[PDB]
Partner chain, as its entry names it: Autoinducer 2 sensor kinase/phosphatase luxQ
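To begin, one chain is listed below as structure tokens, in the form deposited without its partner chain.
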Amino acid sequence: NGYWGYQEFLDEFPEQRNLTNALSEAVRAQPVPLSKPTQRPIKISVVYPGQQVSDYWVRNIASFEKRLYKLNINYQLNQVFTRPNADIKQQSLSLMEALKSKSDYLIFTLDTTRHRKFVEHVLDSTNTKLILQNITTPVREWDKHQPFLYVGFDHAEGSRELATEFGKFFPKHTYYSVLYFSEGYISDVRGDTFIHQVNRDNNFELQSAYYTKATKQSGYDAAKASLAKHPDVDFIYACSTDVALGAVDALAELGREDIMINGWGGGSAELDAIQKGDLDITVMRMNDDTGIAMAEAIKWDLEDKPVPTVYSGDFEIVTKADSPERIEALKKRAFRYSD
């Protein structure tokens, strides 16, 4: 809403579908170093959220840097971390701070319904080229000047896949509860998608939905509260890794192994929980592809080639029944750079 669907957007602009497809080919393919030399090293800023159970961000940067090295790109990387739970006001402060650096590229994430126009005005202000992480759905308003790249693993797709699995695990009319992220974009695209699908297709009944602070502790708290008010459910759908892992501790504490719970993203900690059996299911994203895509995107730009506006990587579904070999194989695929 105010957003294009990833696939919708690629349909509407064929040239974009081409560029994105070309890029995915450039990601799958072996590194091809930089065609066009530079006058100086390029300066890149990263404003990321810190201290999360989720290893997505650190892995992203890892695979990113490794790719830039492989491409023979000479970069200087200024990192900044936001402590938690950093207010959106604080995050955007960290952001303005990173803008002073007058970098060539600026990689970051910010909730883009709660700070739509802010980011728009930032886009208008600088010559720094923006990379928006963790959003794969372009904003309609910004068709005049879109950022350099939205990069991520489509939230709607991953939530569709999970909805598809839950419809597979349970009868029509099954009771469940939902643990959202914080109020915002992510909860809208991960949560409300899942709920829409599961209500329409499987006639599931949503007992309750709770917002969180996007932290493990918060996930624990919200799970406890929710199950206190609404004990009778067959699963809980969680919108992020940290919240899921908190909810697990809650379900253990409460003795509720009659309740099923999913992860989101399938990083190391989730996979470990899946192998313990603490986590019933997850949608594991092929993590490093987006780190590698950003480096390929920068390469092109420096060769003066056109760059796609968006890139989404792919998911696989992982269940606690999967073989160690399949898990291992998927790690081989997903962390092929960050290990």
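Numbering follows the first chain given and starts at 1. Rigid core (definition): largest C-alpha set, two forms, superposition within 1.5 Å.
Across the other PDB entries of this protein whose models span the neighbouring residues, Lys89 goes unmodelled in a third or more.
Higher mean CA temperature factor, per the PDB entry, when comparing 100-108 with 76-84: 76-84. When the two stretches 129-137 and 85-93 are set side by side, the higher mean Cα temperature factor goes to 85-93. Of the candidates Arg160, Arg116, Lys229, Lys172, it is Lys172 whose Cα B-factor is highest according to the PDB record. The entry assigns its greatest Cα B factor, within the set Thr212, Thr241, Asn199, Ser187, to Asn199. Among all modelled residues in its chain, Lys70 ranks in the lowest third by Cα B-factor. Compared with the other modelled residues of the chain, the Cα B-factor recorded for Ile317 ranks in the middle third.
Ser45 sits in the middle third of its chain by CA B factor, as recorded in the PDB entry. When the modelled residues of the chain are ordered by C-alpha B-factor, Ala293 sits in the highest third. Looking at the C-alpha B-factors along this chain, the one for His145 belongs to the highest third.
The following text describes the form solved in complex with its partner chain, which does not appear among the structures shown.
This chain is displayed alone, yet in the bound PDB entry one of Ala163, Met260, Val233, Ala209 has a heavy atom within 4.5 Å of its partner chain; that residue is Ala209. Exactly one listed residue, out of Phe153, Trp264, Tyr180, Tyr150, brings a non-hydrogen atom to within 4.5 Å of its partner chain in the bound PDB entry: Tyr180.
Residues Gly2, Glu141 and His196 are all found to lie within 4.5 Å of its partner chain in the bound PDB entry, as judged by heavy atom distances. A residue is said to contact a partner when one of its heavy atoms sits within 4.5 Å of a partner heavy atom; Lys229 meets this definition for its partner chain in the bound PDB entry. The closest non-hydrogen atom of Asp104 lies beyond 4.5 Å of its partner chain in the bound PDB entry. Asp192 belongs to the set of residues with a heavy atom inside 4.5 Å of its partner chain in the bound PDB entry. Contact annotation for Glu157: none of its heavy atoms lies within 4.5 Å of its partner chain in the bound PDB entry. Aligning the rigid core between this form and the one not shown and inspecting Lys213, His230, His196, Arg114, the C-alpha positions shift by 2 Å or more at one residue, which is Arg114. Between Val198 and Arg114, the Cα spacing is larger in the bound PDB entry than in the shown form, differing by no less than 3 Å.
CA of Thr112 to CA of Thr309: farther apart by 3 Å or more in the bound PDB entry than in the shown form.
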